[PDB]
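Step one of this worksheet: look at the structure below.
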Amino acid sequence: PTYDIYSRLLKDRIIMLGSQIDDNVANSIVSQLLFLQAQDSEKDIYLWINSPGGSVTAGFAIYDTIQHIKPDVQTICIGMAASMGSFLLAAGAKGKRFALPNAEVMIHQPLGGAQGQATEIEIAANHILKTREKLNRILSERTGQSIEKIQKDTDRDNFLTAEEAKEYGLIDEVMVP
Amino acid sequence: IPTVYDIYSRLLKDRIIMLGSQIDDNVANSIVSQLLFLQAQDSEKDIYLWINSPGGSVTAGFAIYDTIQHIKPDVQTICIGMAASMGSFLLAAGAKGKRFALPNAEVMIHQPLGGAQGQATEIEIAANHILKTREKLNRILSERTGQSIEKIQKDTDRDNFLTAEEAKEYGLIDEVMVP
Amino acid sequence: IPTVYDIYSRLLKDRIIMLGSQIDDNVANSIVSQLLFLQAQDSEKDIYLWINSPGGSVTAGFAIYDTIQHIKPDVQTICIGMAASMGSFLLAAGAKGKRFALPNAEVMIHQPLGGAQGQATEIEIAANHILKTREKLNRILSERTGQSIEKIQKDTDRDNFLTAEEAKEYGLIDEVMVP
Amino acid sequence: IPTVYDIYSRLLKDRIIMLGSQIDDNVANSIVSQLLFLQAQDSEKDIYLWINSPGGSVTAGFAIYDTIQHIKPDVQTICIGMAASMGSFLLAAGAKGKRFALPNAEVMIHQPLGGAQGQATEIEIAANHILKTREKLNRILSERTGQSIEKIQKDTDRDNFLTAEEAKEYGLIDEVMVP
Amino acid sequence: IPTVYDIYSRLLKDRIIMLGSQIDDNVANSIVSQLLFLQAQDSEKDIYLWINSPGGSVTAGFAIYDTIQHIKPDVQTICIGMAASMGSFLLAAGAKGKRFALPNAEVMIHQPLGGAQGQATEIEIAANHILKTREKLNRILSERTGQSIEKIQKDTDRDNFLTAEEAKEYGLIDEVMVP
Amino acid sequence: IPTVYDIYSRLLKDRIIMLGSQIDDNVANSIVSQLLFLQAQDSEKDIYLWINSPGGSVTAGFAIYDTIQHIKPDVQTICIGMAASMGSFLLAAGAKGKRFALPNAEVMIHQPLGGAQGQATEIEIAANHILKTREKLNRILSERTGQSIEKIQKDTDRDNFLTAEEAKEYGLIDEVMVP
Amino acid sequence: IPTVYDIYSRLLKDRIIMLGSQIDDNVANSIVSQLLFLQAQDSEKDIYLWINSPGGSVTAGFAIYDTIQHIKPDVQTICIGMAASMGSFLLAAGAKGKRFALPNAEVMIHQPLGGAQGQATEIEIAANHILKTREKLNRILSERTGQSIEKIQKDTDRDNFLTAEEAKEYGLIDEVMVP
Amino acid sequence: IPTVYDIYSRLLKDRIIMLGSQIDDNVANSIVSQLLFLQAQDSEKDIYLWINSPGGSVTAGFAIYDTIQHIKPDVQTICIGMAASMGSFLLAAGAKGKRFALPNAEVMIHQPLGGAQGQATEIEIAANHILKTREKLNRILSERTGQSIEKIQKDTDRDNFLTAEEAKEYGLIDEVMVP
Amino acid sequence: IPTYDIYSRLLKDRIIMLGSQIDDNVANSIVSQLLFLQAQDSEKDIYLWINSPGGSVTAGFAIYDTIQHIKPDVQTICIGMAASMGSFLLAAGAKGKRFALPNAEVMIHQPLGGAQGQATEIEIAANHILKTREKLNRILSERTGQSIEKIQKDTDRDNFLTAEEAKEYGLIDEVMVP
Ligand SMILES: C[C@H]1C(=O)N(Cc2cccc3ccccc23)C[C@@H]2N(C(=O)NCc3ccc(F)cc3)CCC(=O)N21
Ligand SMILES: C[C@H]1C(=O)N(Cc2cccc3ccccc23)C[C@@H]2N(C(=O)NCc3ccc(F)cc3)CCC(=O)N21
Ligand SMILES: C[C@H]1C(=O)N(Cc2cccc3ccccc23)C[C@@H]2N(C(=O)NCc3ccc(F)cc3)CCC(=O)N21
Ligand SMILES: C[C@H]1C(=O)N(Cc2cccc3ccccc23)C[C@@H]2N(C(=O)NCc3ccc(F)cc3)CCC(=O)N21
Ligand SMILES: C[C@H]1C(=O)N(Cc2cccc3ccccc23)C[C@@H]2N(C(=O)NCc3ccc(F)cc3)CCC(=O)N21
Ligand SMILES: C[C@H]1C(=O)N(Cc2cccc3ccccc23)C[C@@H]2N(C(=O)NCc3ccc(F)cc3)CCC(=O)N21
Ligand SMILES: C[C@H]1C(=O)N(Cc2cccc3ccccc23)C[C@@H]2N(C(=O)NCc3ccc(F)cc3)CCC(=O)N21
Ligand SMILES: C[C@H]1C(=O)N(Cc2cccc3ccccc23)C[C@@H]2N(C(=O)NCc3ccc(F)cc3)CCC(=O)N21
């Protein structure tokens, strides 16, 4: 409905990540984070996440912009945070990462593709393995789990309840009503 | 869509939210935003969620469900036309005593739908996840209807069409709004 | 669509709602919102529902039907061009004495259409549901026309085209609006 | 489409309605709304319906036709470019003495087109309906042109192209507007 | 298709003709050629027409029908699997006393299907032709079954599925071939 | 297609030619070759041209027509199933007294179909050519049926469906072959 | 497909018939022809029907079923790879004591699949027909397995995968052929 | 492609069967027929199954596997190019001591692949079935290789590419055939 | 294709045509022809004529191993083009009996492929195609006399050779002059 509803929530420092993460969505979220820091460098931002994931580089545009700005960015999972979505949920300010009780969190390894000559396939494989090491290291730091446990637990699609995500260290609290 | 504000925005000003389509992430994110906005405008006055939906994404439905239970205002639910699948789940999720259907509205309940492709172990993970999702939906529907988990399981095995009056007998709504 | 307000929004200001397309959930949700808005503006003055529609979704049609019967104002119905299937059902649903057609407007009645694919038991569920839907439509049409259920069943077995005058003799409308 | 209001909205302010496309339900609903609005603004002053149309839906055309005959103002018709099929029917439907074409405008008359698929009895129902529709169009064209039903039937058997002057001799218009 | 001659050619040597597909002109021309060839080989010995067909072209079916009635040998008909529409017509066309179905074979009768597009008068010609075709099929079915034309008309209004035993009671076949 | 020689080659050995498909250049060239071959085998014995065809190319049809009239043997024609358009023209082209239809065979006559695209003068050339083609077909049909050119023109204006008996009354065939 | 005769034709010479694909009318007509041919060669010696099939048309399957029961020789059935749906029905239809599966072969039973679109009464006819077809399949499966109709109904409600040993315990086969 | 009998048929005369494609029902039915034919020609002499296959249908693979174990002759297996998935399963299924690979041939083992769409309970049935299929494949591979079920499970979790020499160390073959 | 068809008449003289892209179907046909010719006569030369843009590496290795396996020498003759696995099979003919006609083209390059899915699936596919390349390069080294390092460098991109250059490289033994 139409300020449109999202613009009115942005006035209260609420950003919606409510779709697949591509470059357009990431550029919108980065712009909103930068704008909110300029409006007030001290007050919390609320990043609400309902996303099946998407582009790793687009996800890292959002991740780095969160860590760059001065305000704490709270994260709240509603519905689902899968893949890069769950990475960004875990990237919220320490003590301010939440999920609502019936929200789902899914973690897994990065997906990609490579076509062409053996040496091109080698370059693409080395790059996606380095990307996975980078994602896993940051998830280790943000969850408190070892790199070896994160590697094993992301080998395949791993679905967590809100409560299990909290036990894992992906969030700090389940927001009960 | 006519203007007075477009018609939906004018109804939102009176705390009326329309769920009038298939439930996907875009629709859920719109409904969640409207619920949060209405709570900020007035944390005490009732909200009116009108439902004409064939259902859709279970996770999108749960974004709406958890946002309803999270906010302070009671959310009334009114079924007009049809509430099927996740649509009927959200109809049942309205504030106790304030779940309604108009007399010719249809309610349909059934088990979740999905897909799985790839290696045996990937199919196993997808099967375990959709069975756990069904247990979660059935448990909440049990709490909101007063029916046993075993009855909900049996009654959702296939497409199960209810009249407004049958939805009330089932405990999915509290009253049929007669004219 | 020209401006004066777009033309439809200007008509809505005079309590005129246009049903001028196929009936789907989006069209029904727009019409329901307009009916609720007009009731809130004035609970006593007539509303004018103008119908040029080939029909569409039965559940979407029932969202409109139940909203008409729910609100306090009389809803006049006027058929201009064509009212077929759920369109003719909604024409017959207007306030008693205030259902009209212009002289060359066409009214068509027929049984509901649908589909079913899959297992024998899924086809059985879909068949039972569409037969119950037809019984529901025929019962209400009987009440609104004064015709017996048996006559409506026979007369809707196939596409049945009526002139405005025949629709009036049938009891689908009260008057032909002559110039 | 330029601005001064878009150009069509500025013409509507001077009681000029453009029928400049294929006739479907959307176009008919727009024209009907404009006729009703112009009658509400002034029930006495002429309306100008300018026609450049290859025709289209018969029922949509009849929505326009009946709305013209219903309202109190005279509706002048002016053919610019082409009036074919239902377009030429609506050209002939203007107020007596106020139906015009510009000198190089084309008018085409022909019988209605359709289709029918399915069982023998469904094909029979569709054939009876389109023949009754043709009888209805031909009867009204007879009344508005002064030609006999037999002549209209023969002259519409195939595509029949008329000059502005021939349309006037036929009684489809009253005058060729000379510069 | 195996070899021994392909299997169908070996059966043709024993005066067995297979109608095992949809009836089109190619299938009909093959069957007509086989009937003529078998009559030339021996004008006295029975021919065996085995039918597993969902039907198809009425004119192609009548090529087969008239060729059966034309030649001197009796043509036995045996339904194996299904004889629907023109397939069931040809099953009923076998020599009196020599029309069979195996116990689980299905017979379906219904009215002819077709289509028509274009001008009202083209649709009228197509409708008249398919109604005359239906009268022709029903008259011959009346003669071959012993049922009245009125009963055949009513019983073919919609898809009518018969067991082998019901086909025999109806007079479409003379006997169920039991093992 | 079964073997005994394939079935068509065995019938050709008895001077039977099948025209059992749409007439295109390939079908015409096959039929012309068969007529020439049969004349070379025996210049005195009758040939039997069996026709089940919806028609097709006029020039391909005239390849067959002129080859029939050119060779010394009489060519009998037998309509089985349907002879439409150029098919019915070739049925009428059989030796006088030896043109037959089976009782339930259908005959259809109508004017030629075609197309034209491009400049006005190209469309004029294509229109003149198809009108001259129609004059040529109607003149020959007049000679073969005994009907006047004026009657053939009127009767072929639209699709005209004939029974075997009506085809005989028209002079398209000499006899209905009764069983 | 190699030569020695193609390999299938060489096996047919030893009274071995391959059902190694989806069951459609073409496959059924081939199998029916092979059964009839083998009975004519020797009315006493066993026939070997080897089955690796995901199923297919129920009427095509019944053409095969009835032809098996009709002929005098015992037809052994051997499941190699998979017998699903109509495939498992035909496996169960082999001569008593001569129905086999190899140890790793899979048998799957489930209810028939179909579809229906159109008017409520057409959907009702299609639903009644597929339910009657399922009763017919279940009755015969009851007779051939020794299981009750009610047990077969419950066990075929969804896809039910059996090992060779489970198929034997069920009564679908008599023995697992061990090496 | 080449003739001498096609080249494959000439090799079959020397008891050589070539599996050079994806394993589907058609390929499996051809291989099963060739194995049965060769056993009938000589129940004692070795058969040579040469394998270059990326795998395919598990049930089709098991048709071949069970037919190999059923017949009396030893079936040697020789991998040339690649044996992946069901291809490598069949390579391992050759007579003990007579399973070979040429030095540059690749062997790949991995878990079965599939898919499932629909209701939670349908996905559960499909998941249980593919997990049971994997247990069956792994048990037989354990028996034929000498590896534990737990090692086979771990080693097939993902695509596992082996050289000829590694396949021999694993127990999938007995020897690398050096030139 | 004229009439035995012409290819079957050449097969009667122990001539096999590899005249298309190499896939499993073509490899299975060539393997069958090699086995058939060995059964007809285990001593006389076979003539494998190659006009092929290459194709599947595993299909190519089915042909390669079948050539080395059978007892007869298999001569190779390049007519038109031998690219990729085509040029690998040209180099695989019996020592001293690998030929090209003077205007025939030979092209060598590294293997092509693809990989989709999880990081670990991409890793498995990359390791496999790199091992396949090491295997091709090692065999080409043995058959040409060039070092593995030179073959690696020379196959990094599409490398087009004349018949004479293919002979200097050791991919063939002689240019068949008229
Ligand atoms: C910090 C510095 C800078 O490096 N950038 C680059 C930049 C560009 C786009 C996205 C970024 C995301 C993360 C980090 C840097 C990004 C822009 C920024 N500016 C502001 O932040 N200006 C307040 C502002 C932001 C948004 C807005 F809408 C209004 C004002 C203008 C003045 C300036 O020096 N800077
Ligand atoms: C409750 C708390 C919080 O955790 N969030 C996070 C959040 C973010 C996105 C979606 C959510 C959905 C459900 C529950 C929390 C969600 C936002 C909220 N805020 C407000 O509600 N602010 C008034 C407001 C809302 C909307 C509007 F338009 C204007 C004002 C900002 C102040 C604050 O502490 N909170
Ligand atoms: C005559 C009567 C009525 O039956 N209708 C229904 C109607 C709807 C659509 C098209 C129609 C065409 C022909 C005839 C009736 C049509 C609307 C009309 N109204 C007006 O004309 N109101 C001034 C008005 C109209 C439009 C506008 F933009 C402003 C004012 C509202 C008051 C009222 O009683 N009526
Ligand atoms: C009757 C009751 C209620 O159950 N609903 C639910 C409802 C929601 C959506 C569609 C419906 C359709 C038919 C029937 C109920 C529908 C809304 C209504 N409200 C109003 O009608 N409010 C005036 C209003 C409407 C529109 C507008 F722009 C301004 C005010 C808010 C206060 C309230 O208690 N109610
Ligand atoms: C009865 C008469 C005739 O009108 N025809 C025309 C005809 C043609 C095609 C299909 C037809 C189908 C139904 C009825 C007539 C058909 C052919 C027939 N002939 C034979 O039957 N000849 C023995 C014969 C038949 C088939 C065969 F393979 C060998 C010989 C040639 C001699 C002859 O006078 N006649
Ligand atoms: C009549 C004359 C002639 O002008 N032609 C040309 C011709 C060619 C192609 C199609 C034609 C169609 C219609 C009319 C002429 C056609 C061929 C014919 N010939 C024969 O008929 N030869 C016996 C023959 C024919 C066919 C066959 F299979 C065996 C012998 C060669 C001897 C000869 O003088 N003639
Ligand atoms: C063992 C028994 C049997 O159960 N079958 C069924 C069967 C059918 C299809 C595939 C099968 C695969 C594996 C096992 C059984 C298979 C066929 C077999 N027969 C032969 O093997 N006959 C020699 C033969 C075969 C083919 C051929 F061309 C010539 C001779 C016919 C005589 C007989 O009793 N049997
Ligand atoms: C029993 C009777 C009959 O009703 N038919 C019809 C029929 C046709 C096709 C499949 C059928 C399957 C089951 C039952 C009837 C079937 C054909 C059969 N005939 C034979 O079986 N003939 C020996 C034969 C068969 C095949 C073959 F290649 C050679 C000879 C011709 C002689 C005869 O009276 N009959």
Side-chain angles (χ1 to χ4, degrees), chain G residues 2-4, chain H residues 2-4 6-20 34 38 41-42 45-52 76 78-81 98 100 102-105 177-179, chain I residues 1-3 5-20 22 25-52 59-79 82 86 88-101 143 172-174 176:
Chain G
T3 292
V4 310
Chain H
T3 61
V4 308
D6 67 273
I7 193 75
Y8 302 122
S9 300
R10 185 60 192 79
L11 272 189
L12 179 61
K13 178 155 205 234
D14 271 64
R15 306 186 63 80
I16 297 163
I17 300 178
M18 305 295 299
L19 167 55
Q34 289 175 68
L38 288 184
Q41 293 214 280
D42 192 315
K45 291 192 193 155
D46 284 10
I47 296 162
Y48 303 85
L49 177 57
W50 286 69
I51 299 171
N52 182 26
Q76 311 205 5
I78 310 90
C79 181
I80 55 151
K98 302 173 170 177
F100 302 99
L102 299 195
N104 293 293
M177 256 177 181
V178 292
Chain I
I1 291 63
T3 293
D5 70 85
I6 194 76
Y7 303 122
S8 299
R9 181 64 192 79
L10 266 58
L11 182 59
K12 178 153 185 211
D13 268 61
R14 306 188 61 80
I15 299 161
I16 300 175
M17 179 188 64
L18 173 48
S20 66
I22 303 172
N25 181 65
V26 167
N28 196 36
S29 176
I30 302 288
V31 168
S32 294
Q33 288 176 69
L34 288 165
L35 286 173
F36 169 78
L37 287 187
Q38 165 170 255
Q40 295 284 91
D41 190 318
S42 67
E43 316 287 290
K44 289 193 60 144
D45 285 13
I46 295 162
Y47 303 84
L48 178 57
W49 133 52
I50 300 170
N51 182 25
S52 178
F61 269 121
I63 298 169
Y64 177 91
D65 278 348
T66 301
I67 290 167
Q68 307 323 321
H69 181 73
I70 65 174
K71 200 179 162 166
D73 285 358
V74 179
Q75 311 206 6
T76 53
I77 178 86
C78 181
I79 301 156
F88 185 82
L89 291 178
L90 175 62
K95 290 287 158 224
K97 303 173 167 178
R98 302 168 304 161
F99 302 99
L101 297 192
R143 298 223 161 251
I172 62 174
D173 305 299
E174 297 295 344
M176 265 195 190

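Every heavy atom of this structure was used, including side-chain atoms; hydrogens, water molecules and symmetry mates were not. Protein chains get the first letters and strands the later ones, always in sequence-line order, with residue 1 at the start of each.
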Open item on the list: Is any side-chain heavy atom of I:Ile77 closer than 4.5 Å to one of I:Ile50?
Closed with: no
- [ ] Count the heavy atoms belonging to other residues, nucleotides or ligands that lie under 6.0 Å from NZ of I:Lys95, then report whether that count exceeds 12.
- [x] yes
Task: Point-to-point distance, once rounded to the nearest 0.5 Å, from CZ of I:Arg98 to CG of I:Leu90 - done: 7.5 Å
Task: Side-chain touch H:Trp50/H:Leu19, heavy atoms, less than 4.5 angstrom - done: no
Open item on the list: Any heavy-atom pair between the side chains of I:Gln33 and I:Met17 that's under 4.5 Å?
Closed with: no
Open item on the list: Do I:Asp5 and I:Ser8 pair up side chain to side chain, a donor and an acceptor below 3.5 Å, judged on atom types alone?
Closed with: yes
Open item on the list: Rounded to the nearest 0.5 Å, what separates atom CZ in I:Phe99 from atom CG in I:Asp173?
Closed with: 7.0 Å
Open item on the list: Show the nearest heavy-atom pair for residues I:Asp65 and H:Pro103, with the distance to one decimal.
Closed with: OD2-N, 3.5 Å
TODO: Find out whether I:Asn28 and H:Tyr8 are in side-chain contact, i.e. whether some heavy atom of one side chain is under 4.5 Å from a heavy atom of the other.
DONE: yes
- [ ] Would you mind reporting whether I:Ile67 and I:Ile46 have side-chain heavy atoms less than 4.5 Å apart?
- [x] no
Task: I:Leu37 vs I:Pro72 side-chain heavy atoms within contact, under 4.5 Å - done: no
TODO: First locate atom CZ of H:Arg10, then atom CD1 of H:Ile16, and finally report the distance between them rounded to the nearest 0.5 Å.
DONE: 9.0 Å
Open item on the list: Please find the pair of heavy atoms, one from H:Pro2 and one from I:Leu11, that lie closest to each other, and give the distance.
Closed with: CB-CD2, 4.1 Å
Open item on the list: When you measure from the side chain of I:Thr66 to the backbone of I:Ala62, do you find a donor-acceptor pair of N or O atoms at a distance under 3.5 Å?
Closed with: yes
Task: I:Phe36 side, atom CZ; I:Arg14 side, atom CZ - distance, nearest 0.5 Å - done: 9.0 Å
- [ ] Identify the heavy atoms of I:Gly86 and I:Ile22 that sit nearest to each other, and give their distance.
- [x] N-CD1, 4.0 Å
Open item on the list: Just so I know, are the side chains of I:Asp45 and I:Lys97 near enough to count as touching, which here means a heavy-atom distance under 4.5 Å?
Closed with: yes
Task: Separation of I:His69 NE2 from H:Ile80 CD1 (nearest 0.5 Å) - done: 10.5 Å
TODO: To the nearest 0.5 angstrom, please state how far the CD atom of H:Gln76 sits from the CE atom of H:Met177.
DONE: 6.5 Å
Open item on the list: Donor-acceptor check, side chain of I:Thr76 to backbone of I:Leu48, threshold 3.5 angstrom: yes or no?
Closed with: no
Open item on the list: Is the shortest side-chain heavy-atom distance between I:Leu10 and I:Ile16 below 4.5 Å?
Closed with: no
